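Participant:
Protein chains: 2
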Amino acid sequence: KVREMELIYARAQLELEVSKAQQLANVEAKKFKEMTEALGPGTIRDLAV
Amino acid sequence: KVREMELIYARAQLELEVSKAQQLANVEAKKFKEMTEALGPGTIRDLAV
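Which chain is which? The protein sequence lines are A and B, in order. Numbering-wise, the UniProt record's numbering puts 765 at position 2 of the first sequence, and it's gapless, one number per residue. Numbering-wise, the UniProt record's numbering puts 788 at position 25 of the second sequence, and it's gapless, one number per residue.
#1: On the premise that B/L802 lies in contact with A/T806, defined as a C-beta separation below 8 Å, what is that separation, rounded to the nearest angstrom?
#2: So which residues on chain A does B/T806 lean against when the C-beta distance must stay under 9 Å?
#3: Starting from the beta carbon of A/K796, find every residue of chain B whose beta carbon is closer than 9 Å, and list them in chain order.
#4: From this set, B/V765, B/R766 and B/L787, which residue's C-alpha is nearest A/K783's C-alpha?
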């Protein structure tokens with residue numbers, strides 16, 4: 764029974780964990796996408812060339 | 764019987780483990796894919812050339 768409850772904590776906490784990492788990955792990637800959409804191709808072009 | 768219960772903990776925890784690593788691999792690869800879709804081929808082109 765302790766193994767069972769342990770499976771409950773495991774599945775729940777793992778799901779919340781993956782959801783957190785996913786949502787943070789979302790805000791991060793959306794942030795970087797906002798950056799490249801903002802400063803534009805030519806700015807990173809300036810940094811590169 | 765202890766070996767049997769041990770097989771239960773083993774299969775369950777291993778399944779949850781592989782599921783976790785898989786979902787995290789999903790958020791990671793989706794993150795990187797979001798990056799390359801965002802900054803674009805020409806940005807990594809700028810970093811490379």
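Quick reminder that beta carbons are idealized off the backbone N, C-alpha and C, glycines included.
Facilitator: According to the structure data:
#1: Their Cβ separation, rounded to whole angstroms, is 11 Å, which puts A/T806 and B/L802 out of contact at 8 Å.
#2: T799, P804, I807, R808 and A811
#3: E797, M798, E800, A801 and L802
#4: B/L787
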